[PDB]
Structure formats: structure tokens, C-alpha cells
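Protein chains in written order, with my numbering: chain A, 1 to 187; chain D, 1 to 188; chain H, 1 to 187; chain P, 1 to 188; chain Y, 1 to 188; chain L, 1 to 187; chain S, 1 to 187; chain W, 1 to 188. Idealized CB from N, CA, C, for every residue including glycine. See below for the structure under consideration.
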Amino acid sequence: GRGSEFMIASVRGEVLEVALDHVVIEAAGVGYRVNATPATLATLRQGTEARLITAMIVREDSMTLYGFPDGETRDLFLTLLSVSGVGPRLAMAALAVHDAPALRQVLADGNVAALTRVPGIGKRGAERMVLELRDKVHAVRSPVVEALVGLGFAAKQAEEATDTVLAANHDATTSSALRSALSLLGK
Amino acid sequence: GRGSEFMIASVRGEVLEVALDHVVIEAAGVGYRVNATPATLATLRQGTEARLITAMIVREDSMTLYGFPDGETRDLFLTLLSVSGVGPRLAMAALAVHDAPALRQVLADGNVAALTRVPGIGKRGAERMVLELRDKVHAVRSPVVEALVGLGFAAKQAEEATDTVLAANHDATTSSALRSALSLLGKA
Amino acid sequence: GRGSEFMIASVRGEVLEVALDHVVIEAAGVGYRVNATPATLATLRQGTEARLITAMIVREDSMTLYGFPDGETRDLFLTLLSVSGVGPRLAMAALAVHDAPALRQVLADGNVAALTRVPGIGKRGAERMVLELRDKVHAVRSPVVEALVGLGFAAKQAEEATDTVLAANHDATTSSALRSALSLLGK
Amino acid sequence: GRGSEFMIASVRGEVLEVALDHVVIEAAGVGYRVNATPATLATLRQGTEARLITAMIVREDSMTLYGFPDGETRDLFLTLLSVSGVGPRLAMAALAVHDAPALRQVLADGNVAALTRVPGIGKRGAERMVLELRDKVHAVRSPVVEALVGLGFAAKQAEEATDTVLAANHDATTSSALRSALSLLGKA
Amino acid sequence: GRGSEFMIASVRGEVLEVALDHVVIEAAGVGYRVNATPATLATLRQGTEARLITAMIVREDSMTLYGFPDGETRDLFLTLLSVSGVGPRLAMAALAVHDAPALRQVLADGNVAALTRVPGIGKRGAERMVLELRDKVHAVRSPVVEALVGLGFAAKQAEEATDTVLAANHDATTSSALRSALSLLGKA
Amino acid sequence: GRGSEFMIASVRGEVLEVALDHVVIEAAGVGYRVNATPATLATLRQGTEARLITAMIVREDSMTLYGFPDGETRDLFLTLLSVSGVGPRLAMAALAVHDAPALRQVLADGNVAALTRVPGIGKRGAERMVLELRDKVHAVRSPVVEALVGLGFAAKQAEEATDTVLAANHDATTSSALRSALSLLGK
Amino acid sequence: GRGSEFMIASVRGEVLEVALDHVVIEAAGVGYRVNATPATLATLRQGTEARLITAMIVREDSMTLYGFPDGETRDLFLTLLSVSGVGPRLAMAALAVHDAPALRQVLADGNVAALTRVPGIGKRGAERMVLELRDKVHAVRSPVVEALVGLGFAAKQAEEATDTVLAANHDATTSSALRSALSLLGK
Amino acid sequence: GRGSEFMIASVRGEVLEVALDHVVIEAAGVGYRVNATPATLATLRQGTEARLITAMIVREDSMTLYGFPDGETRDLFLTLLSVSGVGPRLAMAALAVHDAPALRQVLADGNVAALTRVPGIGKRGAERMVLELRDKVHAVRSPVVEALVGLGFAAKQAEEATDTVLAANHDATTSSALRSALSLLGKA
């Protein structure tokens with residue numbers, strides 16, 4: 001029941017405008033407005049071609065883009081959104097204050113004081129978050145087991161089947177292992 | 001009353017990212033995220049130009065793409081969605097487990113055991129599906145009636161007319177066959 | 001309170017697929033599916049570049065395109081939609097049976113029998129429609145005052161103005177007339 | 001709680017149609033319809049490439065674009081929308097009658113008679129507006145603190161932090177301040 | 001597809017307040033507000049027990065009652081609402097001006113001038129209405145077919161059957177006539 | 001995820017009006033309109049006090065009551081509604097044609113011809129329904145474990161419990177069994 | 001386009017509970033919760049029969065009652081709601097602080113300081129309100145002219161017709177004047 | 001921004017049906033269905049007059065009642081609903097398993113094992129809850145200030161005002177304070 005999938009996952013074009021809370025990348029003829037942390041905007045230079053990994057949020061009366069330097073960050077954004085009470089604006093505020101690397105450690109360390117330093121986040125609030133996602137921020141194995149659970153399998157069920165595929169083909173990809181694990185799992 | 005029509009029916013561009021449950025095709029300047037079965041993702045190679053026949057799902061708070069190698073598969077996806085209780089994720093799960101060819105036979109054969117092996121599908125569930133669509137997976141003759149049918153007509157009426165036109169002009173194409181018929185039924 | 005304005009008013013690209021009830025035009029990299037009457041689809045040829053004047057319909061759980069050879073037809077489509085009880089599909093059915101020219105006369109003539117010939121349209125239904133829009137299917141003076149009225153003005157004020165501008169620059173474009181008339185009405 | 005952010009902030013392409021209340025710019029292959037004042041449409045020439053800074057409005061049953069020559073104007077549009085009772089059509093009507101420069105002075109002067117000259121705007125109406133936004137139509141200190149306040153801070157804290165930064169780098173820019181002020185504000 | 005069915009079809013209690021556009025009937029302990037034409041309100045007397053045949057309108061953000069002296073009138077109200085463009089307030093305005101008997105003749109006569117005299121109704125408007133419902137304002141025979149008709153049948157089918165039953169049992173009531181017919185069409 | 005619970009489950013008052021498709025029961029001072037099959041309406045007599053077991057349906061722009069002679073029938077109504085494509089009106093049509101007893105056998109027998117005899121029900125439609133609910137139309141042990149499972153428990157835990165309580169108080173009511181079994185499962 | 005009409009306009013029963021922000025009146029068997037100012041609650045006494053003139057607010061996910069000692073107050077409540085930015089809770093807060101009589105003068109006097117004394121109301125806010133409704137807080141004439149405008153007539157049009165009716169029947173009611181004015185206005 | 005207020009806060013009538021997951025109380029002529037824990041249903045006896053303190057939940061497509069023996073319990077129900085992820089069915093499940101007294105201690109003790117004993121509640125889930133409301137399950141000073149805070153005031157102001165009042169009338173009641181504190185707070 002975990003909410004994850006949007007449509008526009010990045011925008012690449014010429015920077016038309018760099019503001020303090022967003023940017024305007026022109027892809028094709030369209031100027032998309034993507035909001036962003038100053039940290040992100042910082043690297044941007046009007047007149048230059050640039051790409052931002054974006055997350056798209058559609059609501060009944062809204063259709064907005066949030067951009068980031070890379071996928072890891074964007075993904076972090078989405079994660080933040082999962083905590084109830086934490087909305088896009090909020091999440092952006094936190095990242096604006098604490099870059100992805102920092103914000104990640106802040107949570108994993110359990111560092112609450114750092115979080116309260118972010119407007120909108122109450123003492124109680126900081127805790128819930130750290131709880132919700134301290135343990136949420138070539139391997140091959142953990143990648144493929146991770147995915148089989150999304151297709152609605154179990155942890156154990158998926159780990160059995162995975163060791164199995166690798167037990168037979170060690171030098172296999174993270175993809176051909178997936179298909180071999182599934183072609184295996186549909187009996 | 002059958003739900004069928006979307007807007008983005010395909011995306012062609014450069015592959016920016018190949019994941020385990022989706023891909024990112026960059027069309028124009030935009031990186032569209034389309035979800036896909038590993039089977040589909042398998043053929044894809046980052047840095048290469050590629051095209052996926054997609055189905056688009058819009059909901060109040062969501063706007064998602066599902067991609068597939070070809071039209072037949074994508075159409076199969078839509079079909080699956082018709083069964084109540086069966087949602088996009090579910091349908092993708094099934095195709096992820098059983099490729100289109102396989103999944104098709106699984107239904108036509110009536111093969112229930114195969115279906116239950118798909119997470120989220122209960123014994124009762126598998127049956128309903130097989131029921132709902134065992135008989136749903138230059139012809140010229142049947143596509144024309146199929147058209148008329150969706151224009152909200154009836155299977156004798158539009159059958160008789162298609163029959164009638166293919167009778168009088170033999171070197172006629174599925175579409176000229178379609179217009180000719182429509183000219184008749186609007187009682188010229 | 002009359003509903004009129006959408007966003008995608010046309011699509012130009014390569015025809016990827018011509019079906020019996022729609023087409024797939026590829027603009028940029030995107031393959032847009034626009035539905036269409038066989039009459040319209042008829043002219044289309046896969047592999048060829050083509051343009052369709054489209055009407056866009058967005059609903060909570062839907063986002064669809066309807067395409068047409070020209071603006072006059074597309075506009076007629078929208079009109080049809082205005083009649084309550086008449087939905088996009090219905091409207092398309094009617095045009096599929098009666099081309100724009102025909103369908104227009106069918107209404108203006110008041111020809112009800114022709115309309116009932118269209119699935120979904122009952123006897124009662126045909127009448128309401130003919131009622132609703134029998135009187136609804138280089139000029140210059142008329143278009144401008146109409147636009148102004150369209151902004152909430154009063155035909156007299158809007159004639160005074162227009163007549164003024166046109167008297168001053170007889171060879172005026174309809175549009176310059178519009179600017180030049182409003183430039184007047186703020187005083 | 002102030003509503004501000006959309007997605008399509010401009011459209012650049014070839015002008016396909018210039019009407020009296022809108023234009024059709026073709027970006028990529030798509031013809032986007034953006035509504036506009038005759039004043040704006042005036043400068044436009046079919047067959048020519050053009051760009052309009054747009055504001056996008058999405059509602060349950062609607063998805064519309066409004067275009068303008070530049071950012072200042074488009075922003076003014078959004079502002080007008082903030083006044084309750086004032087909708088997109090209305091706001092467009094006012095700008096159609098009074099160009100941005102004019103319309104701005106009209107409000108700052110407090111000139112009510114001018115506003116009532118716009119259909120849909122009652123006497124009472126004109127006042128509310130002038131009220132709501134008479135005081136709303138290398139600087140550096142201010143821009144910066146404005147931003148923070150937007151990130152949810154308080155004018156006190158935002159300023160305090162800021163003098164503190166610019167102290168340390170009088171040389172600073174409007175953004176390089178912003179970050180340092182955020183570094184600062186994070187108790188680093 | 002015709003919209004007809006609500007929940008509160010009447011309110012009986014003590015009149016607590018008689019206004020110019022509504023009344024407050026207290027049923028049980030609850031004071032229901034039902035709106036009404038002065039014509040209707042006219043008969044009402046505060047402190048007295050009274051009953052109004054009501055029509056209930058629920059919308060996302062609204063839950064309102066409209067009351068009338070009798071069923072025929074209330075039903076007339078609903079009818080008016082069927083015409084698109086005609087809302088509850090409008091319909092109440094018309095009845096407020098023209099009592100049910102009058103308003104009925106106004107339509108059946110086709111009398112357009114009378115209708116335009118009602119605020120909100122334009123010349124074009126009056127016509128559409130007269131069109132839409134000039135032919136819409138122990139019978140035993142027609143109520144039975146009327147029933148079947150709303151059960152989603154057709155006017156020959158249900159006509160033939162009603163015909164057929166009234167033929168074989170003569171001392172039969174509109175309802176026994178209804179069941180008997182339904183027993184037939186479910187192909188006993 | 002199964003939709004079941006409403007608020008007005010019955011109405012008792014004086015019959016003010018008996019029509020062909022509904023009745024008006026006056027409870028307290030309010031005249032509630034409940035729709036009903038002629039079969040149901042048949043038994044009703046204006047001027048008499050009567051009670052109808054009702055199902056309530058609320059939608060954004062609607063608030064309607066459907067009434068029935070007894071609980072078993074009303075419940076059957078709800079069931080019918082579960083089949084997608086089958087709306088309140090439809091469901092009422094079916095019951096109007098086939099009384100509860102009949103309509104129940106029609107499904108359990110699998111009798112499709114009978115169902116198509118009902119307007120709005122297509123051949124395809126009849127089948128789906130029979131599929132969906134052929135196996136869906138003083139016990140004691142069964143009702144309790146079922147309720148417990150109904151709260152998310154596991155038949156085994158819920159049998160252990162029940163069996164325990166019933167072994168201890170054989171003459172137990174189904175309900176006391178329920179309390180006494182849960183009083184157990186918190187430990 | 002002015003929003004005014006609800007359904008439950010009062011509740012009369014036995015007071016079951018008197019709290020600090022609401023009360024529970026039991027009408028028939030139902031305990032309705034109506035929210036109220038302490039000022040209002042003050043007069044209330046549990047175990048006693050009481051009546052509160054109520055305003056009902058229904059929203060997609062809400063159905064709430066607000067009660068008041070009399071109609072004038074309740075009506076004032078509704079008025080407050082008309083100011084955008086001012087919600088039920090807010091309006092109640094203001095009345096909780098300033099009784100109807102007081103709150104009325106506060107607005108008519110134009111007294112802004114008094115309004116800012118109410119939590120949630122900013123300086124800017126207080127002004128808008130005073131603006132919006134300073135001129136909004138047996139005559140016979142003004143009553144009946146007031147009503148004809150709601151039926152969608154004009155001020156002048158309605159005043160002409162009204163003087164007319166009274167010019168002919170001075171000793172007429174505020175009601176028989178209304179019908180005589182309308183029976184007159186439908187020509 | 002805390003969600004609290006409904007309309008039907010109790011139902012009193014004759015018990016028409018006692019089930020395993022709900023009851024049917026007939027108030028006036030209406031049979032209201034209120035859902036309840038077996039614990040609660042236990043005390044109920046068909047044919048008898050009874051009262052349940054209820055909480056009402058209205059959603060776009062739903063309108064449901066949940067009943068409880070007393071106010072403290074019903075309030076506890078609402079509380080549980082505040083935890084995101086915890087819905088009416090869930091909350092009812094927990095109370096069904098753990099009576100109000102028990103369930104209260106379970107949280108205040110911080111007893112997680114007990115909570116996981118409730119279907120739908122995961123390990124992670126139990127923690128969040130205990131977190132969210134361990135400190136949430138003639139006094140006079142406090143009640144009073146609580147109220148004000150509810151009217152939008154700030155704990156500082158609310159208290160300050162309050163000591164100031166009770167100073168002037170040590171004798172005061174929880175409400176007669178409230179008003180005076182509001183008199184006060186209005187700068188009288």
C-alpha cells in the first residue's frame with residue numbers, strides 16, 4: 001500500500017530563470033517550473049543546459065515538480081513524504097536546511113535537535129520521523145530480494161528463492177537473477 | 001460502459017536509468033518514468049534509444065505510466081484491469097511472473113494453479129479472472145463489427161451491415177468497409 | 001458559466017498507428033493517442049507526418065484527446081458536449097455517423113430523424129439538442145464587440161469604442177481593433 | 001498557507017493561431033492554448049516563434065494556461081487570484097482593461113473608480129482588492145530573508161541569521177547568503 | 001438515467017418560525033428548515049402543527065429541504081430541476097411567482113412571456129423549458145406501465161403486458177396488475 | 001476492504017403513501033421515503049403502522065433508502081451491490097422481478113436465463129454475478145470464530161479460544177462466547 | 001450566489017452533558033452534539049430540557065452543529081462565515097470572546113483593536129471583516145423589498161413594486177404584501 | 001488543526017438486534033446501526049431500552065456510527081483514530097481485544113507486546129502509537145486554560161489570564177472562570 005510512482009522523473013533543458021526556491025528548465029519548448037533547495041539551485045547557471053531529477057506531485061487542484069541533483073536525493077525526498085504530517089513543502093524545508101548526506105546522518109544518528117532546527121517540525125514530530133526511517137536510509141542479492149517483496153511476496157519466501165538462483169549461477173546479473181528468480185517463482 | 005481510452009500510448013527516447021521495476025525514457029527533454037516487468041526491462045540498455053508502448057493511468061492523486069514491448073501486451077494489461085479487484089500493481093505482478101504469451105495461455109487453458117502462484121491472487125480470485133476473460137484473449141470482417149460495436153450498436157445489426165458491404169465490394173479495406181457501413185446505418 | 005478552455009489544442013507528429021477509433025501521433029518522443037471518427041482517420045496514413053486539431057478532456061480519473069481535421073469541427077465537438085446528457089463518446093458517435101457539414105445542417109434544418117439514427121440518442125434527446133443549438137452553428141466590427149461583451153462589457157459602450165477605433169483606422173485588423181478599443185475603455 | 005506553485009511556467013514555439021482571447025503556441029508537436037489579453041495578443045504574429053510566461057491552473061475538471069509577456073505580469077496575475085471572489089476569468093478581464101503597469105498603479109494609488117470600470121467588479125469589490133494588495137506590488141538582505149520566511153522561519157530569526165551572515169561576507173550574493181544562512185540556521 | 005429519489009419526503013411538526021422564504025417545522029425535537037414560496041408560507045401559522053411535502057437536496061457541501069403544500073407541487077418542483085440550467089433556487093423563484101396550477105398552464109399553453117417575467121430566466125431559457133416539459137405535466141392502466149418503465153423496460157413490451165393482464169382479470173388493482181405483469185416478463 | 005456499514009437500518013412508523021416503487025413511512029415527525037419492490041410494497045397498507053428493514057446509501061449528491069420485509073432480504077440487496085456494474089437501481093430491479101427466495105436459488109442453481117430476464121443484465125453480466133456469489137448465499141462455534149477472524153485473527157488461535165470457552169460453559173450464548181473468547185486473547 | 005440554507009435549524013431535548021465548548025441535547029432518542037460559546041453553555045443546566053437555535057455545516061468528511069441562544073445570534077454566526085478566511089471554528093472563537101451584541105457593535109463601530117484580541121485574526125484580517133459587514137448587521141417595507149432581491153430581482157425594480165402594493169393596502173401584512181407584490185411582478 | 005467534532009454523540013432507544021459486531025438501537029422510529037466491541041455488546045439485551053455514546057464518521061461514500069458504554073471510552077476511540085495508519089476498523093479491533101481501562105494502561109505502561117497481539121498492528125506500528133499517546137490518556141485551573149487554547153490562544157496567555165481571574169474569585173467554577181477569562185481576554 002506504499003505510494004511511489006509518478007510520471008516525470010527528470011527534466012533536461014536550458015535554464016531560463018534561477019530563483020531562490022525554484023528554477024525554470026525549458027524542455028522542448030516548455031518551461032517547466034521545478035522547486036528546489038538553494039543548495040541545489042546553487043549549482044545552476046542561467047543560459048546553461050541542465051538536468052534535475054524530479055519528483056512529480058499531482059493533487060486535485062495542483063500539479064507540481066520538485067527537483068534534485070541526483071536520484072538518491074530525489075528518492076530521499078519521497079521517503080520524507082511517507083511520514084504523515086510531513087508534506088512536500090516541509091520535506092523541501094528540511095533538505096533546504098540539511099543536504100541529503102547531512103539529513104541522512106541526522107536521521108540515522110537519531111539526532112533530534114538537528115531536526116527541530118527545521119521550521120514546522122515540533123519536538124514530538126522529530127521523534128516520529130527518526131523512528132519511521134532510521135532503518136530506511138556488486139551486492140546483487142539484497143537488490144533482487146528487495147524487489148520481489150514489491151511484487152507482493154514475503155521476505156523469507158523471497159530470500160529462499162534468491163539464494164537458490166545464485167547458488168546455481170553466481171556470476172549472474174542483478175537482472176537475469178530477477179527473471180530466473182521469478183520464472184522460478186511462478187512454479 | 002467499458003473503460004478504455006488514455007492519452008500517452010507510447011514513449012520513445014533515450015534510456016536514462018534501468019531499474020528492477022521501471023525505466024526512465026527521456027522524450028524531448030522530459031524523463032518519463034514507466035513501470036515494467038523485469039522481462040520487459042531485460043531487453044533495455046541504458047544510453048540507448050528505446051520505445052515502450054505504454055498505458056497511462058490517472059487518478060485524483062496519481063499519474064502513472066506502464067510500459068510494454070508491444071501493443072498486444074499493453075492491451076493485455078488493460079484487459080486485466082477490467083476484472084474488479086485487479087489493480088495496476090496486481091496486473092503488473094501477474095505479467096512480471098507470466099509473460100504475455102504464457103499469461104494468455106494460462107487463462108485460455110483455464111490454468112488456475114498457475115494464477116494462484118501470483119501474490120495477491122486468491123483461489124477464488126483466480127477463478128473469477130479465468131471466467132471473465134478466457135473468451136477475451138486481412139481479417140477485415142471482425143474489426144469492422146468490433147468498431148461499430150464500440151460506437152454503441154448491436155452485434156446482429158452491425159454484423160448484417162458489415163456482411164452486406166463485404167458482399168457488394170470485394171476489393172474493400174477494413175476502413176472503407178467501416179465508412180460504407182456507417183453510411184448505411186445512418187440510413188442514408 | 002460556459003465551459004470552454006483546455007490546454008492541448010492540436011498534435012503534430014508522425015502517425016504511428018491508425019486504428020478504427022483513434023490514431024497515435026508521435027510529437028517529440030511522445031505518442032499521443034487521439035480518438036477520431038473513421039471519416040477523420042480515413043485521411044490518415046501511417047509513416048506520414050500529420051496534424052489533428054484536438055480537444056482535451058480531463059476528469060478525476062481520465063485524461064483524453066479527441067482529434068479532428070480542422071478547428072471548425074473540433075469546435076463543433078465542444079458545442080455538442082454542452083448539451084447535458086451528451087458525453088464525449090456520444091458526441092464522437094454522432095460525428096462518426098454525420099460529418100461536421102452534414103451534422104451541422106441536420107441541426108439547423110431541425111432534422112430529428114437523422115439524429116435518432118445515432119445510437120444513444122432517443123427521440124426526446126434529439127429534440128433537446130436541436131433546440132439547444134439550432135441557433136448556435138472580413139466582418140471586423142462584430143468579432144470585436146463580441147469579445148468585449150465577452151469580457152463583461154455592454155454592447156453600447158463596446159460599439160462606441162469599436163466604431164471609434166475603426167473610424168480612425170478603417171483598415172484595422174480585428175485584433176488591433178481589440179487592443180485599441182480597450183486602451184480606450186480604461187480611459 | 002499561500003497558494004503559489006504550478007508546473008508549466010512558460011511556452012515557447014511557433015504561433016499557430018492568434019485569436020481575440022487566446023493564442024496557440026506549438027511546443028514540440030503540441031499546440032498549447034494559452035489565454036491572454038488583447039494587449040498581449042497584440043504583439044503576436046502567426047507563423048513566428050514566440051514565448052509566453054504562463055500560469056497554469058488545474059481544477060478537478062479543468063486544466064488551463066494563462067500567458068503574459070513577462071514574469072512580472074504573470075506574477076501579478078497570480079496575486080490577483082489571491083483575493084477571494086476574484087477568479088482567473090476576472091483577473092484576466094482586469095488586465096485586459098488595464099495593462100500590468102497601469103493596473104499596478106491603479107491599486108497602489110488606491111484608485112477605485114478605475115477598478116469598477118471592470119465588469120464583475122462591484123464597488124465593495126474594488127475596495128477589498130485595493131486593501132488586500134496596495135502594499136503587495138542589488139537588494140540582497142531582503143530577498144534572502146524573504147526566502148527563509150518562506151521555508152517556514154520567522155521574520156526575527158530570518159533577519160537575525162541574515163545580518164549575521166552578511167556581516168561575515170559583505171561581498172555575498174543573494175543566494176550564497178541564503179545557503180550560509182541555512183548552514184547557520186541548522187546550528188551547522 | 002433520470003434523477004428522482006431522495007430520503008425525506010415530508011416533515012410534520014410544530015411551526016416554530018414563519019419567514020418570507022422558509023419555515024421551521026419541529027419534528028421530534030429537531031427544527032428542520034424547509035424553504036418555500038410565500039404562497040406556501042402564507043397558509044402557515046406559528047404555534048400550529050403542520051406538514052409540508054418536501055424534496056431533499058444533498059450536494060457535497062449542502063443539505064437542503066424544499067417544502068410544498070402537496071405531492072403534485074413538490075413533484076412539479078423536481079420536474080423543473082430536470083431542465084439543465086435550472087437550479088433549486090431558480091425553480092423556487094418560478095413557483096414563488098407562479099403557483100403550481102398557474103405555472104403548469106404557463107408551460108402547457110407554451111406561454112413564454114409569463115416565464116421571462118421570472119428573474120434568471122432569459123428568452124432562450126423560457127423556450128427550452130416549455131420544450132422540455134409541455135408534454136410532461138382508477139386509471140390503473142398508465143401507472144403500471146409507468147412503473148415498469150422505470151424498472152428499465154420498454155413502452156411496447158410493458159404496454160403489451162399491462163394490456164394483456166387487464167384483459168384477463170378485470171377486477172384487478174394497479175398493483176396486482178403490476179406484480180402479475182412482472183411475473184410474466186421474468187418469463188415465469 | 002469489503003463495504004458494509006450504514007446508519008439507518010430500519011424505519012418504523014405510519015404509512016403515509018404507498019406507490020409503485022416506494023413507500024413513505026413517517027417516523028417521529030419525518031416522512032422517510034424508502035424505495036421497495038412491488039412485492040414488498042404489496043403487503044403495505046396506508047394508515048397502518050409498519051416497519052421496513054432498510055439499507056442506506058449516501059453518495060456526494062444523494063442520500064437514499066431501500067427497504068425490505070426482513071434482514072435476510074436487505075442483506076441480499078447489499079450483496080448484489082458488491083458485484084461491480086451492479087448499482088442500487090439494478091439490484092432493486094432484480095429483486096422486483098425475483099423475490100429473495102427465488103433470486104437466491106436463481107444464483108445457487110446458476111440459472112443464467114432467469115437473470116437475463118432482468119433489464120440491464122446482459123449475458124456476460126449474468127455469468128459474472130453467478131460466479132461472484134453462488135457460494136455467497138444453534139450453530140455457535142462457527143459464528144464466533146468467524147467474527148474473530150473478522151477482527152484479523154487466525155482460525156487456529158480463534159478456535160483454541162472458542163473451544164476453550166464453550167468447553168467451559170457449553171450452554172453459552174454466541175455473544176458471551178465472543179466476549180469470553182477475547183477476554184482470553186489479550187491474555 | 002450567497003450561501004445560506006441548511007436543514008437542522010434547532011434542537012430541543014434534554015441536556016445530557018454540558019462541556020466547555022459544546023453541549024449534548026437529546027432529541028427523540030438521539031444525542032445531538034452542538035458546539036457553543038461558554039457564554040451560551042453558561043445558561044445551560046444538565047437534566048433540564050433546552051433548545052438551541054443551530055446552524056448545520058456539512059462538508060465531504062464532516063457534519064457539525066453550532067448552537068446559539070436565539071435566531072439573531074445564529075444568523076450572525078452565518079454572516080461571519082461569509083468573510084473568506086473565516087471558518088466555523090474562527091467565527092465561534094470570536095463569539096466566544098464577544099457576545100452577539102458586543103461583537104455587533106465591534107463591527108459597526110469599526111473597532112479593530114477589539115477584533116485583533118481574537119486568536120487567528122490578524123490586523124489585516126480585522127479590517128477586511130469590518131469592511132465586509134459594517135453595513136450588514138412594524139416596518140413591513142424593508143422586509144418585503146429585502147426578500148424580492150433573493151428571488152433574483154433588482155433593488156429599484158423591487159422598491160417600485162413594493163411602494164405600489166402598500167400605496168393600495170397600507171394596513172397589509174409583511175406576508176400578504178409579499179404575495180401581492182409577486183402576483184403583481186409576474187405581470 | 002486537530003479533528004474532533006461530529007453530530008450524533010449518542011443513541012437511546014430500544015435494542016432491536018444484538019449482533020457480534022454491532023447493535024441496532026431504535027430511536028424515534030429509526031433503527032440506527034452502531035458498531036461496537038463484543039465487550040460492549042455483551043451488556044446489551046434485545047427488547048430493552050439502552051443508550052450508547054457514539055462517534056459518527058462521515059466520508060464521501062460512508063456514514064457510520066461507533067458506540068461505547070461511556071464518554072471516556074468513546075473519546076479514547078477518537079484518540080486512537082488520530083494516529084495515522086489507524087482507521088475506525090483498526091481502532092475498534094484494539095478495543096475489542098483490550099477494554100478501555102486495559103488499553104489505556106497498555107499505552108501508558110508502553111506495553112508493546114500487548115498491542116502487537118492486535119491484528120493489523122505491526123511491531124513498528126505499536127511503537128508509533130505508544131509514542132503518539134502515552135502522554136495523552138475539582139481541577140478547574142487546567143480545564144479552563146485548556147478550553148482557551150482550543151479557542152486559539154497560547155498557553156502563556158491562557159494561563160496568565162486564568163491565574164488572574166481565579167485570583168479574583170477563588171470560589172469560581174470551571175465555566176464561570178472561562179467566561180470571565182474571555183471577558184478579560186477581550187480587553188473587556
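Report the neighbours of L131/P on chain S: residues whose CB is nearer than 9 Å to its CB, in chain order. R124, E127, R128 and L131
Output the distance between the C-alpha atoms of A154/Y and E60/Y, rounded to the nearest integer angstrom. 34 Å
Unbroken beta strand (DSSP E) run spanning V106/Y, endpoints: Premise fails: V106/Y lies in the alpha helix (DSSP H), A100 to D109, not in any beta strand (DSSP E).
Just checking: is the beta-carbon of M92/W within a distance shorter than 8 Å of some beta-carbon in chain S? no
For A188/D, does the count of other Cβ atoms within 10 angstroms reach 16, so buried, or fall short, so exposed? exposed
Below 8 Å on the Cβ atoms is my contact criterion, and I expect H22/P with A36/P to pass it. Report the Cβ-Cβ distance as a whole number of Å. 6 Å
Suppose you measure from the CA of residue 240/P to the CA of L41/H; what does that come to, to the nearest Å? With chain P covering 1 to 188 only, the question about residue 240/P has no answer from this structure.
Using the beta-carbon of each residue, which ones in chain P are nearer than 9 Å to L95/A? By Cβ distance, chain P contributes nothing, its closest Cβ being about 10 Å from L95/A, past 9 Å.
Going by beta carbon distance, what residues of the same chain come within less than 7 Å of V118/S, once the five residues before and after it are set aside? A93, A94 and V97
What is the C-beta distance between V15/H and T48/H, in whole angstroms, given that I count them as a contact (C-beta under 8 Å)? 5 Å
For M56/D, which three-state DSSP category applies? strand
Can you give the beta carbon distance from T162/H to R141/H, rounded, assuming they're within the 8 Å contact cut? 6 Å
Near-chain D residues of the stretch 72 to 87 of chain L (beta-carbon distance less than 7 Å), N- to C-terminal order: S84
Starting from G71/A and walking both ways along the alpha helix (DSSP H), at which residues does that stretch end? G71 to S82
Measuring straight from C-alpha to C-alpha, what distance separates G3/H and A28/W? 46 Å
Roughly how many angstroms lie between the CA atoms of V83/S and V34/L, to the nearest whole one? 39 Å
Report the neighbours of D109/S on chain W: residues whose CB is nearer than 7 Å to its CB, in chain order. Residues of chain W passing the Cβ test: none, with the nearest at roughly 14 Å.
Could you check whether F68/H and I53/H sit closer than 8 Å to each other, using their CB atoms as the reference points? yes
Looking at the C-beta of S10/W, does it have a partner C-beta in chain L at a distance below 8 Å? no
List the residues that DSSP assigns as beta-bridge partners of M7/H. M7/H pairs with nothing; no bridge assigned.
Residues bridged to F68/S [DSSP beta-bridge criterion]: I53/S
Within its chain, find whatever has a CB closer than 7 Å to the CB of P143/Y; leave out the 5 residues flanking it on each side and keep chain order. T174
At what residues does the beta strand (DSSP E) containing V23/S begin and finish? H22 to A27
Selected residue, minimal CA-CA separation from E160/H, among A181/H, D171/H and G150/H: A181/H
Between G110/P and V130/P, how many whole angstroms is the CB-CB distance? I'm expecting something under 8 Å. 5 Å
Does the beta carbon of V165/W sit closer than 8 Å to a beta carbon anywhere in chain S? no
Identify the continuous alpha helix (DSSP H) that holds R179/H and give its terminal residues. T174 to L185
Anything in chain A within Cβ reach of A42/D, meaning under 7 Å, just list it in chain order. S175 and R179
Partner residues on chain P for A27/H, Cβ-Cβ distance less than 8 Å: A28, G29 and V30
Limits of the beta strand (DSSP E) - the one that residue 211/Y falls within: Lying outside 1 to 188, the shown extent of chain Y, residue 211/Y is not represented and no answer is given.
Classification of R74/D by the beta-carbon crowding that lies within 10 angstroms, buried from 16 upward: buried
In terms of alpha-carbon separation, which member of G31/P, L78/P, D70/P and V106/P lies closest to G186/H? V106/P
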